[PDB]
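An overview of the molecular structure
The primary structure of each chain is shown beneath.
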Amino acid sequence: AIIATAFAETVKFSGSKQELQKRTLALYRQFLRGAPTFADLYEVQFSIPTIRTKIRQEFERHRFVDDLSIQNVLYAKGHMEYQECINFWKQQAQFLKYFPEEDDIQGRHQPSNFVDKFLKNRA
Amino acid sequence: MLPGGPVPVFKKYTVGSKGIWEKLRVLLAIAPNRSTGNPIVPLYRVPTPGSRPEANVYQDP
Amino acid sequence: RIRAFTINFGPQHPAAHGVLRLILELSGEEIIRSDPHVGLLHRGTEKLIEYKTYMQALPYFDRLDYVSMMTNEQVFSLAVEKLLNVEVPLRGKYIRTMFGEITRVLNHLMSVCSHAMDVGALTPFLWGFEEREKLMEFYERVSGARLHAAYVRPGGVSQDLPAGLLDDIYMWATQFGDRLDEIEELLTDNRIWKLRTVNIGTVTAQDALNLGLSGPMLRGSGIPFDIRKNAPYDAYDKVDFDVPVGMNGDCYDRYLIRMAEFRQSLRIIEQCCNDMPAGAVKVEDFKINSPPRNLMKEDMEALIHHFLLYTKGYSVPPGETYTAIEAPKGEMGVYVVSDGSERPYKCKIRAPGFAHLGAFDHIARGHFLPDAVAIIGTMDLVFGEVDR
Amino acid sequence: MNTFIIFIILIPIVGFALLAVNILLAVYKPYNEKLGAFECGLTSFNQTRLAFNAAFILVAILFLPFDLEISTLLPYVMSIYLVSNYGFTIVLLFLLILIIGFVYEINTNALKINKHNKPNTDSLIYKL
Amino acid sequence: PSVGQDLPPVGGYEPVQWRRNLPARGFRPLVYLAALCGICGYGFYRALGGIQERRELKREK
Amino acid sequence: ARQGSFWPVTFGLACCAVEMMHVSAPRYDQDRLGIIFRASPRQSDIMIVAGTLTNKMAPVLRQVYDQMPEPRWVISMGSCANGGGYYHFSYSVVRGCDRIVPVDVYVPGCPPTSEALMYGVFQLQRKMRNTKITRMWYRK
Amino acid sequence: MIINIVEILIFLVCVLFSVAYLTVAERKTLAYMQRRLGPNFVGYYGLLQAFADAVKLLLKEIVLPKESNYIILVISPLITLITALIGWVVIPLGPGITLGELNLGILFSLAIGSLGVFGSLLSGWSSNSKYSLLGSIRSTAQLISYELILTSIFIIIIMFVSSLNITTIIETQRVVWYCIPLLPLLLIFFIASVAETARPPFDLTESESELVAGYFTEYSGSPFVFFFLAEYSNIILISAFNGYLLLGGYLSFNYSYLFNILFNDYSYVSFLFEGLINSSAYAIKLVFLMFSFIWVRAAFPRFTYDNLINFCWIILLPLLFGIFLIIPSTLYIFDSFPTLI
Amino acid sequence: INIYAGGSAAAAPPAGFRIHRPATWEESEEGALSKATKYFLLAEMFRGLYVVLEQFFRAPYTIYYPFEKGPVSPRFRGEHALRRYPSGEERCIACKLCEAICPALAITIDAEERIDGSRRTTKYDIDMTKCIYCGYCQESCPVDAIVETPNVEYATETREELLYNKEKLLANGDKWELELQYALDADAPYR
Ligand SMILES: CCCCCCCCCCCCCCCCCC(=O)OC[C@H](COP(=O)(O)OCCN)OC(=O)CCCCCCCCCCCCCCCCC
Ligand SMILES: CCCCCCCCCCCCO[C@H]1O[C@H](CO)[C@@H](O[C@H]2O[C@@H](CO)[C@H](O)[C@H](O)[C@@H]2O)[C@H](O)[C@H]1O
Ligand code: SF4
Ligand code: SF4
Ligand code: SF4
């Protein structure tokens, strides 16, 4: 047969939020445990705490979702990304898409009010 | 024979040997039937595609 | 516990004829798990086709399996003709058949003599590529391109044959058999070839079906299936050819199948050069095909139709079709959906290499790495079709 | 100073000629990724060795005794006339005793590589 | 109609060779074995004869 | 020496590799001009980008390029590698290896014929034949 | 010692330029076998291709990767080349015309060939890569496994001549070349020669490794030139071993009649013509054997490691352990044990 | 004659579909010594060596390219060109059918009313780095204005040289008109 890869998970849509809760917490645990591997494999120029901060940020992004099926899809895609990161399939270029903050400051004029954006034609 | 081979050399449109060298080639060949696949220059792709006479009489079928 | 070691066979390396990332896991010499990573030649063909007329979309198929161009455009033309409900003329059918078998000769000359090169035989490659050049000249004389002809279109053929092409094709056919024979003298009865090919890559008939394999991969396991005999499309019902089928499902049987297919393609080319009919090479309905130029420049209806076919395109009836051909790689198919418009709603290409490279994991388990090279070579994997 | 001695010293203390020519003539301005090693590829701090089959090391371990056998035959071929018909029998007994071990090696199949993922050969039987 | 089309001849073409043409060649293998055995036997006759002469020359020396 | 030993790296990605191989075939013999295609970039001097460059493949291309010892040149073979080509408006294709690597000679075609790639090789030969190595030092 | 330096320089020049043109010979012969031609453009008729390759390589960077070792990577080519070239010291181009006229010449050859395995061993250690360290192992296994067959054929030949002087081994073949009584050993020695040189059909780890990121010789610059010289010198030296063991070395027809016709007393023209004839014979034999190497590269596919080790240890060594018994028995049956010299 | 349950006359196996049986070492029409000679003396391998050697004495296929060119046809699709009439007037009339049929969107056109009242282009650009060299533009043109020459020898050092404009294309036509006339005189009846 065609056997699965190292850290594969069969797609199984929970019929309960309480089970998907445990699944999501396990995935969070796995990301946190694997962050040192993400720093060693990808030649990362920043902290392991920074990687865990980013993981927490991306897990907080979808914290107040309540539709169960959307949460199932998000869990499945999160596990896909975990398998893509822990198995060295991504390169540094794709891993550092999550980390635009660590790259140096993009120029001087970054508007946050109206007149700036107007003078730059972004209002 | 069968309907699909073998066929002699002189019925193959390829450039071969002549004289003592053919008498040697048919002595030193695993299969004298076999050909050296150089097309006969007088006959292959002559007249050239851009100098065919059939273009002047060609009409739409 | 048997800890496994992961080697990337190589995103860039010789054995892949194209670009492949085969992540193998080994326990010593033996492969235990494989993970072919693809998409490195995914160019979004199937979405681009949704933004193109059926004529604009046809050169997508020349560039999928780029050793067998005319067969890809043949299957797309067959699909669009089945939706359009138009009949290709007899001469166009004979041309498509003759050139489909020339294309089969080209594909097998690439495949067998690259399999040989990857296994170590360097000389058949360079012998066969001259015959490839001789046939590329016929491609260029009929279409104007050595590789991407854009010749077989929906409705038949772009241009009639130029004068003096059948004579030259016959001249090539009088000598191609000895080329095949000289390749066989090196490869067929050889000890090292048989060692590298006999009982390697074995796949059973049942598993060959379950995995979706076709062509030589299915015929080497013993199943006599060929779409040209079971569902003839262009002119294969009007020409005599035999189908090679093998036992033992190995790579040696696939090699023998491909050489028999060389010889049967030569047979078909002979019959088509002898029995080429007269008439038109495209449908005589100027609502589907361009009219001739001397009518487009003298007739008003002809010019209107030229204008519309080259700007808006021909509108295909609504519906859907899956049609397939016996491409030299296997069963190549196109699932088209028509929305009544000039552009497709959906075009999925069933590439024969996708299924075979998916079956690599089942076929190559338990083998050593030198045998994986032979398996990739007998699958005959071009990656434009795998990735599309 | 013989030509033998001259050659066998000259080859080593001159062999670095093109080495130095290449070191002085050629560019050298490395990158990180020019100091790199591959298209893709990585490995965490997992281990320093891979598991290997027994034959890989057994061929080397058995090279020693067979090489010593064939090198011990050198005294015989340089003494063959002086040991006339006695040493002949002795070296034949030597070769036979050492062929017994080679027979053992062949019959055990010690240099064969074995395959784990066997193909299944057992019938399909359905409990009715 | 059909005016200037590329069409075949009236009697078609002379048939081509598409069947296998790997002919069996060579003497039967035991002839090659006999030639090998004779070559090596004669070489042994020639070499062992030379060893004896070298032995007698050694006696002289 | 740089002309008569002209060793590109095996970077065939798509249907332009067919024309590269035909340039190694009997009719056009690349070896007659000194050309040998080398698997590893450490032994190579040229990179012929012959095929479309996907966004999943560009890091690999740049790694292969950076692994090449100086002197190094790049030929862009085919429309797909020159400016994205036929697949210019896709979501997965790079609009030219120009964006990823610097290019010395652009060979146009789809596919560019074997003769066209040989003409490009000759143009790069002319470029390196008019290249000032010691003369430029004597200027510096 | 002036003429000693002259002789050494002549020998070195001829050997190294023979290697450099064997590269071109390989390419052109393989080409014309493949219905092509090349190289023919980088000199007149292609006679400067190897020098172009050398000059290019000697101007390339000597990049050594991050997790590699400088010294080993740099000296392994050089040690391999030294060992390949010092084996030419014992090779005679005439009756005594040698740099090293050692009475232990066979053992010198057989002992300096024992050191060529260290190149393939140490190549694997020039990286922190775990799979190249296994490719190293496979290659070294092949080399040590076919060394036994070469040594066995050496000893089977020395059963006929009880000497380790290469000139004596050749001069014993004025009667018959040892390819006539031992024609199968010629095949076996050529096969083991092609396998020791790691040449196709025995090019497993080079072929293996160009696929993977590592496990082959990823050298640049001068290391690469040195490795090419080592390869194409060991080819000529193993064909030289073929020569002086089985094909008579420098011997030909007896030219006493012709020389008594042409000459009346020993002159330097006499000696020059003798030397030219003898070294002509040796060279035409070497040319044939090199052509055979190229032919075998052109014809056959490749082996795997299992098929190769099995070939060696289960097909070839049994025959030779049998021949060890049959040759002395043939000498005992006819009272033909050979004397010293 | 026959009624079938879940089957067919075509799905029934052929007459000899069951292979005979494997052959053992007995039932061998070849002695052990003969096949052992073929085994030890490498018969087929020497035959392959000889078939390779026979090619050594055959004519090489290699053509010396800068001095001898390969086969080209009137239909060949190479560098692009804008043609004129024998008047000297340019054939193109800004109908924009080549812009419309081009699968790669390589053509860019702009037009207006000329000073003499004629429909003629002010902009005609082809990005060769987009073009696929298919010939659809040469087929679409109703005036034989855009054509593809047989030229392939126009490789460049910069990509800004491959963004051909109207003046480049007209100069290319003025350069290649004779070759284009040969090709047209050979090819036009077939299209
Ligand atoms: C029979 C045989 C006869 C042989 C005859 C040979 C005759 C040779 C006569 C040579 C006289 C002229 C020499 C002029 C060569 C300079 C060529 C040149 O102009 O520049 C090209 C190359 C550039 O190197 P670079 O300065 O880094 O520029 C980078 C961008 N191109 O420039 C080079 O290639 C320079 C190569 C320098 C190699 C030294 C490498 C350093 C080794 C020592 C360590 C010092 C490292 C210091 C690096 C700077 C660190 C900040
Ligand atoms: C030793 C002298 C000092 C200077 C060093 C010279 C270095 C030059 C070494 C070249 C020796 C020949 O080595 C070279 O042979 C041929 C050349 O076509 C290459 O072969 C290449 O060409 C094609 C031929 O079209 C082959 O089919 C093969 O697939 C490969 O792509 C070999 O992969 C390489 O090994
Ligand atoms: S430029 Fe044309 S031939 Fe080359 S890869 Fe792109 S589509 Fe294929
Ligand atoms: S031939 Fe070239 S320019 Fe014309 S439509 Fe096709 S790709 Fe565009
Ligand atoms: S080139 Fe031809 S098709 Fe294009 S706009 Fe001009 S006239 Fe129309």
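Residues numbered from 1 in each chain as written, not as in the entry; some residues may be left out. Chains lettered and ligands numbered in written order. Part of a larger assembly, values for the part shown. Heavy atoms only, no water. Residues with missing side-chain atoms left out of burial classes, pairs and counts.

In its metadata, the entry names cryo-EM as the structure determination method and reports 2.7 Å as the resolution.

Side note on the overall build of chain F
Keep this limit in mind: Going along the chain from the N terminus, every DSSP run of H or I of four or more residues is numbered as a helix, and every run of E of two or more is numbered as a strand. Radius of gyration: over C-alpha atoms. The globule rule applied is 2.2 Å multiplied by the number of residues raised to the 0.38 power. When accessible area is computed with a 1.4 Å probe and restricted to protein chains, residues below 20% of their type maximum are described as buried, those above 50% as exposed, and intermediate ones as partly exposed. It only takes one pair of heavy atoms within 4.5 Å for two residues to be counted as in contact. Here the open area of atoms and residues is found with the Shrake-Rupley method and a 1.4 Å probe, where only the protein chains shown may cover a residue. Only four residue types enter the charge count: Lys and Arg as positive, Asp and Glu as negative, with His and the chain ends excluded. We put the charge of a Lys on NZ, of an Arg on CZ, of an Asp on CG and of a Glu on CD.
The number of helices and strands found in chain F is five helices and four strands. Moving toward the C terminus, one meets the helices and strands of chain F in the order β-α-β-α-β-α-β-α-α. Relative to the 2.2 N^0.38 estimate, which gives 14 Å for 140 residues, the radius of gyration of chain F is 15 Å and therefore close to what a compact globule would have. Along the longest, intermediate and shortest principal axes, the C-alpha atoms of chain F span 50 × 40 × 25 Å. The 140 residues of chain F split such that 76% are buried. When contacts within chain F are restricted to residue pairs at least 6 apart in sequence, long-range pairs at least 24 apart make up 77% of them. Looking at chain F as shown, the accessible area adds up to about 4100 Å², and 51% of this sits on carbon and sulfur atoms. Taken together, the 17 basic and 9 acidic charged side chains of chain F have centroids lying 7 Å from each other.

Some thoughts on the sheet that holds strand β2 (residues 107-113) of chain H
All names here are of chain H. Formally: By the convention used here, strands pair only if DSSP detects at least 2 bridges between them. The angle between two axes is taken between their N-to-C directions and runs from 0 to 180 degrees, where each axis is a line fitted to C-alpha atoms and a helix contributes only its stretch in contact.
Judged by pairing direction, the sheet is antiparallel, and its three strands sit side by side in the order β2-β3-β5 without closing on themselves. Two strands close off the open sheet at either side, each with one partner strand: β2 and β5 (163-164). Strand direction decides the pairing type here: strand β3 (residues 119-127) and β5, joined by two bridges, are antiparallel. Note that in β5 the partner of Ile126 across the bridge is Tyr164. Most of the contacts of helix α5 (residues 166-187) go to β3, to which it runs at about 95 degrees, and overall it touches β3 and β5.

As for the site of ligand 5
The condition that has to hold: For each residue, the test is whether any non-hydrogen atom lies within 4 Å of the molecule or strand; if one does, the residue is near. Classes in brief: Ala, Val, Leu, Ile, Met, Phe, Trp, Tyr, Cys and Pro nonpolar; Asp, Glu, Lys and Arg charged; the others, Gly included, polar.
Every residue near ligand 5 is listed here: H:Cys92, H:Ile93, H:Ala94, H:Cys95, H:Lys96, H:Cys98, H:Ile109, H:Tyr124, H:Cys141, H:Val143, H:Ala145 and H:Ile146. Its residues assigned to classes, the shell around ligand 5 shows eleven nonpolar, no polar and one charged.

Notes on the interface of chain G and chain D
Each partner contributes to the interface: chain G provides 71 residues, whereas chain D provides 60 residues. Elements with a minimum of two residues in the side of chain G that touches chain D: α1 (2-33), α3 (70-86), α4 (105-112), α6 (132-158), α10 (222-246) and α13 (305-333) of chain G. Its residues assigned to classes, the side of chain G that touches chain D comprises 52 nonpolar, eleven polar and eight charged.

A closer look at the packing of helix α1 (residues 17-41) of chain A against helix α2 (residues 48-60) of chain A
Residue and element names in this part refer to chain A. This is how it is decided: An angle below 35 degrees is read as roughly parallel, one above 145 as roughly antiparallel, one from 65 to 115 as roughly perpendicular, and any other as oblique. Helix crossings fall into two classes, left-handed where the near helix is turned counterclockwise from the far one by less than a right angle and right-handed where it is turned clockwise.
It is at 9 Å that the axes of α1 and α2 come closest, and there the two elements cross at 150 degrees. Put simply, α1 runs roughly antiparallel to α2. Judged by the twist between their axes, the crossing of α1 over α2 is right-handed. Contacts between α1 and α2 involve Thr24, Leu27, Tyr28, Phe31, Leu32, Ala35, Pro36, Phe38 and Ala39 on the former and, on the latter, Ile48, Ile51, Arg52, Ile55, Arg56 and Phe59. The class makeup of the residues in the contact of α1 with α2 is twelve nonpolar, one polar and two charged.

Here we look at the interface of chain F and chain G
Contacts between chain F and chain G engage 23 residues on the former and 27 residues on the latter. Taken together, the residues that form the side of chain F that touches chain G break down as nine nonpolar, six polar and eight charged.

Considerations on the UniProt feature "binding site: [4Fe-4S] cluster" (unreviewed entry) in chain F
To keep things clear, this is the line we draw: UniProt positions are given in the numbering used here, feature names are shortened, and annotations may be inferred rather than shown by experiment.
Under the UniProt annotation, "binding site: [4Fe-4S] cluster" (unreviewed entry) lies at F:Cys15, F:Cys16, F:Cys80 and F:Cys110. Judged by maximum C-alpha separation, these annotated positions cover 96 residues in sequence but sit close together in space, the widest gap being only 10.1 Å. You can see F:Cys16 is positioned in helix α1 (residues 16-23). If sequence neighbours within four positions are ignored, F:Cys16 has contacts with F:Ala50, F:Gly51, F:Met77, F:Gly78 and F:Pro112. Residue classification places F:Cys110 among the buried residues on the basis of a relative accessible area of 12%. Contact partners of F:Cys110, with chain neighbours within four places excluded, come to C:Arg63, C:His148, F:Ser79, H:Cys131, H:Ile132 and H:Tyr133.

Quick notes on helix α11 (residues 251-274) of chain C
Residue and element names in this part refer to chain C. Counted only if it meets this: Helix span, expected: 1.5 Å multiplied by one less than the number of residues in the helix. We call two N or O atoms a polar contact when they sit within 3.5 Å, provided that within protein one can donate a hydrogen and the other can accept it, with sequence-adjacent residues counted only if both atoms are side-chain atoms.
The terminal C-alpha atoms of α11 lie 35 Å apart, and with 24 residues this matches the ideal 34 Å at 1.5 Å per residue to within 8%. Burial analysis of α11 places 22 of its 24 residues in the buried class, the great majority of the element. Where α11 starts, the residue carrying a side-chain oxygen 3.0 Å from the main-chain nitrogen of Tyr252 turns out to be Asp250.

Structural notes on the nonpolar core
Cut-off, in case you're wondering: What makes a nonpolar core is a set of buried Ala, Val, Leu, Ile, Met, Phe, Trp, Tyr and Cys residues whose side-chain atoms join them at distances within 4.5 Å.
Ranked by internal contacts, the top residues of the largest apolar core, which has 339 residues, are C:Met98, C:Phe99 and F:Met47. In terms of residue count, α10(G) provides more of this core than any other element does, 15 residues in total. Leave out the neighbours within four places in its chain, and F:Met47 touches F:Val9, F:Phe11, F:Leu61, F:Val64, F:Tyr65, F:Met68, F:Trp73, F:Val74, F:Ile75 and F:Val101. In terms of nonpolar packing, the next biggest core, distinct from the first, is built from 28 residues, F:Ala17, F:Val23, F:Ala50 and F:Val105 among them.

Observations regarding the site of ligand 4
All residues in the neighbourhood of ligand 4 are listed as H:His80, H:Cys102, H:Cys131, H:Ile132, H:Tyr133, H:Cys134, H:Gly135, H:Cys137 and H:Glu148. Broken down by class, the residue content of the shell around ligand 4 amounts to six nonpolar, two polar and one charged.

Structural notes on the sheet that holds strand β8 (residues 346-350) of chain C
All names here are of chain C. Reading across from one edge, β6-β7-β8 is the order of the three strands in this open sheet, with antiparallel pairing throughout. Sheet topology places β6 (319-327) and β8 at the edges, where each strand pairs with a single neighbour. Each strand of the sheet is rotated relative to its neighbour by a mean of 10 degrees, with strand direction disregarded. Relative to strand β7 (residues 330-338), β6 runs antiparallel, the two sharing nine bridges. Each residue of the ladder has a partner; that of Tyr322, found in β7, is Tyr335.

Quick word on the pattern of salt bridges
Where we set the bar: Salt bridges, as used here, are contacts in which a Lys or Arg side-chain nitrogen is within 4 Å of a carboxyl oxygen on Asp or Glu.
A full pass over the atoms with the stated rule returns 82 salt bridges over all chains. Its salt-bridge partner being E:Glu14, residue B:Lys11 comes within 3.8 Å of it at the nearest N-O pair. Placement of B:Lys11 in the segment before α1 (20-25) and of E:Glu14 in the segment before α1 (29-60) is noted, with the two residues assigned to different chains. Given a relative accessible area of 36%, B:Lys11 falls into the partly exposed group. With a relative accessible area of 45%, E:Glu14 lands in the partly exposed category. A cluster of three or more residues bridged by salt bridges with shared partners is formed by C:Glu101, C:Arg104, C:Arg219, C:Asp226, C:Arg228, C:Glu261 and C:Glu326.

With respect to the arrangement of the chains
The protein chains that touch form 20 pairs of chains, and the pair with the most contacts between them is chains D and G. Left apart from each other, chain D and chain H have a closest C-alpha approach of 18 Å.

Here's the deal with the pairing of strand β3 (residues 30-37) of chain C
All names here are of chain C. For β3, the tally of buried residues reaches seven of eight residues, placing the bulk of the element in the interior. Of the strand pairs in this sheet, strand β2 (residues 21-27) and β3 are connected by seven bridges, and their pairing is antiparallel. By the bridge assignment for β3, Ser27 is matched with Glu30. Counting the residues between successive antiparallel strands, the hairpin from β2 to β3 contains two residues, one of them, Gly28, with a positive phi of roughly 90 degrees.

Quick notes on the side chain of C:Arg21
With respect to the helices and strands, C:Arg21 occurs in strand β2. Polar side-chain contacts of C:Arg21 include one of 2.7 Å to the backbone oxygen of A:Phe88. Discounting chain neighbours no more than four positions away, the residues touching C:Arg21 are A:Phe88, A:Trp89, A:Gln91, C:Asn8, C:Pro11, C:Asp35, C:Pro36, C:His37, C:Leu40 and D:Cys40.

Remarks on helix α2 (residues 49-57) of chain G
Our working definition: To obtain the arc, one takes the directions from the helix axis to the C-beta atoms.
For α2(G), the set of buried residues is G:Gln49, G:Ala50, G:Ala52, G:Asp53, G:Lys56 and G:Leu57. One side of α2(G) holds all its buried residues, which, seen down the axis, span an arc of 160 degrees. Residues of α2(G) that are buried in the fold lie against α2 (17-25) of chain D together with α1 and α10 of chain G.

Overview of the packing of aromatic side chains
Worth spelling out the cut-off: Only rings of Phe, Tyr and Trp enter the pairing, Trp through its six-membered ring, and a pair is recorded when the two centres are within 6.5 Å. The plane angle decides the type: under 30 degrees is stacked, over 60 is edge-to-face, the rest tilted. Note on criteria: charge over ring means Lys NZ or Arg CZ within 6 Å of the ring centre, with the direction from the centre no more than 35 degrees off the ring normal.
Inspection of every chain in the model, using the stated rule, returns 71 aromatic pairs over all chains. Measuring from ring centre to ring centre gives 6.0 Å for C:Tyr60 and F:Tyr87, while their planes differ by 65 degrees; the resulting arrangement is edge-to-face. One end of the pair, C:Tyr60, is in helix α2 (residues 59-62); the other, F:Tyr87, is in the loop between α3 (79-83) and β4 (105-107), on a second chain. Here the aromatic rings of E:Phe44 and G:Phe160 are separated by 5.6 Å at their centres, their planes lie at 45 degrees, and the arrangement is tilted. Separated into two different chains, E:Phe44 in helix α1 and G:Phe160 in the loop between α6 and α7 (166-171) make up a pair that spans both. In terms of burial, E:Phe44 and G:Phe160 fall into one category: buried. For C:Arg63, the ring lying beneath its charged end belongs to F:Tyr86, and the centroid distance is 5.1 Å. For C:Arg388, the ring lying beneath its charged end belongs to C:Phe354, and the centroid distance is 4.9 Å.

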